[PDB]
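Observations on the model geometry
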Amino acid sequence: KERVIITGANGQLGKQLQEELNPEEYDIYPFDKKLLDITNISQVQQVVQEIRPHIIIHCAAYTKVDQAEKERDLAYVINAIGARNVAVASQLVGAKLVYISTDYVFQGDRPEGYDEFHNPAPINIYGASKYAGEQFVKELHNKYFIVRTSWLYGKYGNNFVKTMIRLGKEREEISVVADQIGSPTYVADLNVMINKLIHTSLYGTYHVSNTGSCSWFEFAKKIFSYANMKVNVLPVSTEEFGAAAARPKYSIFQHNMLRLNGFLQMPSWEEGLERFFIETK
Ligand SMILES: NC(=O)c1ccc[n+]([C@@H]2O[C@H](COP(=O)([O-])OP(=O)(O)OC[C@H]3O[C@@H](n4cnc5c(N)ncnc54)[C@H](OP(=O)(O)O)[C@@H]3O)[C@@H](O)[C@H]2O)c1
């Protein structure tokens, strides 16, 4: 009857991960920002000592990509220092640590993607802050799973899929960026993989995302395809959209670690999106 702590339980993952972990196997201890402030080490240790968990799924993070450029110290304090504090505590209790990371740790300029062994080169403050976060984890703990994902969206909270369906009903046409390729990842599919990793000790860095490349534009079209909504999508560039943070033109991962560790391949983003509508009918 293992114990699992989830940091940042109110976010997209925490909110949905908390519901997908089998309760008749683990004692799920979710914590919000106020009940477990990642930036307060004294508090982090108190909570981790008392509950003393076997597993810790660290979802807490500052996910404001654009504003990250204007508030750098705040990006690091949360993403870097925060991961360092949770790392320390994880070590004192000997808990397996799952650190969720991103594809912004790379330049994202290669169409085929990057494997878990290529040296990262953060493209923006957000990416750099979590890379620093990953390093404190490897440096201060020895039972972890660095899970990099991208274009994550789930049942709870606002996301690109809910926005299209919301705006789609009112518009006759809608313009979406089409010069940024990526791979939409549905939380449910990610959680399934996280769940598989926590039952083992195959520690390391893993890229978990849905299969196939895509683009907000093509993704947008297919969202309306399954939604069965007749609306047009106009392809626009990044310069006309005006971005305060520099996204990559190719944010795709190579799924080596999963394939090298006997795990099966993730479903396609196309297929990951299907189960989204099915579950949120
Ligand atoms: N497209 C994506 O979303 C994407 C892509 C790549 C990687 N990731 C990573 O995936 C992970 C999952 O995050 P998400 O997608 O669920 O985004 P999210 O909804 O913003 O989740 C992050 C949560 O952490 C909380 N938090 C902020 N400061 C905290 C603190 N000091 N202590 C504890 N919690 C704090 C936030 O609460 P408040 O909002 O109330 O402050 C928020 O609920 C993140 O670590 C993110 O870096 C996400």
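Here the residue numbering is sequential from 1 along each chain as its sequence is written and may not follow the entry numbering; residues with no coordinates are omitted from view. As a convention, hydrogens and water are excluded, and side-chain values are obtained from all of the structure's heavy atoms.

- Regarding how it was determined, this PDB entry cites X-ray crystallography in its header, along with a resolution of 2.65 Å.

1. Brief notes about the site of the ligand
- Proximity criterion: a residue is near a molecule or strand once any of its heavy atoms comes within 4 Å of it. As a matter of local geometry, the ligand sits amid 23 residues, with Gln 12, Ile 38, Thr 63, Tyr 126 and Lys 130 nearest to it.
- In the model, an oxygen atom of the ligand is placed 2.9 Å from a nitrogen or oxygen of the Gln 12 main chain.
- In the analysis that follows, any N or O atom pair within 3.5 Å is treated as a polar contact, provided that within protein one partner can donate a hydrogen and the other can accept it, and provided that, for residues neighboring in sequence, both atoms belong to side chains. Contacts to the ligand include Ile 38, whose backbone N or O atom sits 3.0 Å from a nitrogen atom.
- Only the protein chains shown count as cover for residues, and the accessible areas themselves come from Shrake-Rupley with a 1.4 Å probe. Relative to its unbound accessible area of 900 Å², the ligand is 80% covered by the protein chains.
- In DSSP terms, a helix is any run of H or I states spanning at least four residues, a strand is any run of E spanning at least two, and both are numbered starting from the N terminus. Of all elements in the fold, only α1 (12-20), β4 (96-102) and α5 (125-140) reach the threshold of two or more residues within the shell around the ligand.

2. Digging into helix α4 (residues 72-93)
- Here α4 is 22 residues long and its end C-alpha atoms lie 31 Å apart, about the 32 Å a rise of 1.5 Å per residue gives.
- Two axes are fitted around each residue, one to the seven residues ending there and one to the seven starting there, and the angle between them is reported as the bend at that residue. In the structure, α4 departs most strongly from a straight axis at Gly 82, where the bend amounts to approximately 30°.
- The classification of residues rests on relative accessible area computed with a 1.4 Å probe and restricted to protein chains. Under 20% of the type maximum is buried, over 50% is exposed, and intermediate values are partly exposed. Inspection of α4 places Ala 75, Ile 78, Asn 79, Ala 80, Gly 82, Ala 83, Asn 85, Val 86, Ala 87, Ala 89, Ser 90 and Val 93 among the buried residues, and these make up the whole buried set.
- Buried residues in α4 make contact with α2 (41-51), β3 (55-58), β4 and α5.
- Backbone geometry just downstream of α4 places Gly 94 in the positive-phi region, at approximately 75°. Each residue after the first adds 1.5 Å to the expected span of a helix. The contact rule is simple, with two residues in contact once any of their heavy atoms fall within 4.5 Å.

3. Topic: the nonpolar core
- In these notes, a set of buried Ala, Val, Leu, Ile, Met, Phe, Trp, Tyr and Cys residues joined through side-chain atoms within 4.5 Å is what counts as a nonpolar core. In terms of nonpolar packing, the biggest core is built from 45 residues, with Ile 57 and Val 161 touching the most fellow members.
- Among the elements that take part in this core, helix α7 (residues 187-198) stands out by supplying 7 residues, more than any other.
- Throughout the structure description, domain borders are defined by an automatic or database domain assignment. Here this core gathers at least three residues from each of two domains, domain 1 (1-159 + 183-211 + 252-267) and domain 2 (160-182 + 212-251 + 268-281).
- Aside from chain neighbours lying at most four places away, what touches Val 161 is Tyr 153, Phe 219, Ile 223, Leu 273, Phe 276 and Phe 277.
- One finds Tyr 62, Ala 75, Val 86 and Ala 95 within the second-largest nonpolar core, a separate group that totals 30 residues.

4. Looking at the domain arrangement of the protein
- What the domain assignment reports for the protein is domain 1 (1-159 + 183-211 + 252-267) and domain 2 (160-182 + 212-251 + 268-281).
- Taken together, the contacts link 32 residues of domain 1 with 31 residues of domain 2.
- Once two parts are brought into contact, the accessible area they lose, counted with a 1.4 Å probe and summed over both, makes up the buried area. Of the roughly 2,600 Å² buried between domain 1 and domain 2 on both sides combined, carbon and sulfur atoms contribute 59%.
- Among the residues domain 1 hides against domain 2, the three largest losses belong to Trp 151, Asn 159 and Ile 252. Together they make up 25% of the total.
- When a carboxyl oxygen of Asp or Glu lies within 4 Å of a side-chain nitrogen of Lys or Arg, that pair is called a salt bridge. Where domain 1 packs against domain 2, one counts 3 salt bridges.
- The tally of links between domain 1 and domain 2 comes to 15 residue pairs in polar contact.
- Mapped onto the side of domain 1 that touches domain 2, the elements with two or more residues apiece are α3 (65-68) and α7.
- Examining the composition of the side of domain 1 that touches domain 2, we find that 3 residues originate from one element, α7, more than from any other.
- Looking at the side of domain 1 that touches domain 2 residue by residue, the class counts come to 14 nonpolar, 11 polar and 7 charged. Ten residues, namely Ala, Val, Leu, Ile, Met, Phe, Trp, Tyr, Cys and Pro, are considered nonpolar, four, namely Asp, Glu, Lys and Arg, are considered charged, and the remaining ones, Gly among them, are considered polar.

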